[PDB]
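Scroll down for the structure; my scribbles are underneath it.
Numbers restart at 1 for each chain; the letters A, B, ... are given by sequence-line order, proteins then strands.
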Amino acid sequence: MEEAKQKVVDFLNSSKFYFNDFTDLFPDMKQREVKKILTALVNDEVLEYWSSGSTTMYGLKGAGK
Amino acid sequence: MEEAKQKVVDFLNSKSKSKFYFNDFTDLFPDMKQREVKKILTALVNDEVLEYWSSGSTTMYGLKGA
């Protein structure tokens, strides 16, 4: 798959991570760009996300369970 | 994803251990051919939804990260 998406899968495939923890890992990306990459992974069901506090939290599919 | 692949995902995303045998899945899909079940599971592994394990004389599958 895509390189930026694989970077996200490997980081978690190893704590609690929010949307801004990901935008920190992609310095040369826009907030818009990173949200799209993470949303594409949720669509494909590699990741699963939800509303947590005043932002969003992401994890590998089944993290909640 | 397609119905056959979503079926697999719903079963593993439950409260159910980390990995199951290839035959645990063919057990769930009695209608499907063994070849077709191996096909969808290999595809799910290719898309990194599932992790693949060689176990004994057979194979094991589970949610990536499990």
side-chain contact (heavy atoms from CB on, under 4.5 Å) partners for A/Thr55, two or more places apart: A/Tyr18, A/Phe19
Mind checking whether B/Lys64 and A/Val46 have side chains closer than 4.5 Å, heavy atoms only? no
Which atoms form the tightest heavy-atom contact between A/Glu48 and B/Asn13, and what is the distance? OE1-OD1, 4.1 Å
Beyond-backbone contact of B/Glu48 with A/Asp44, side-chain heavy atoms, under 4.5 angstrom: no
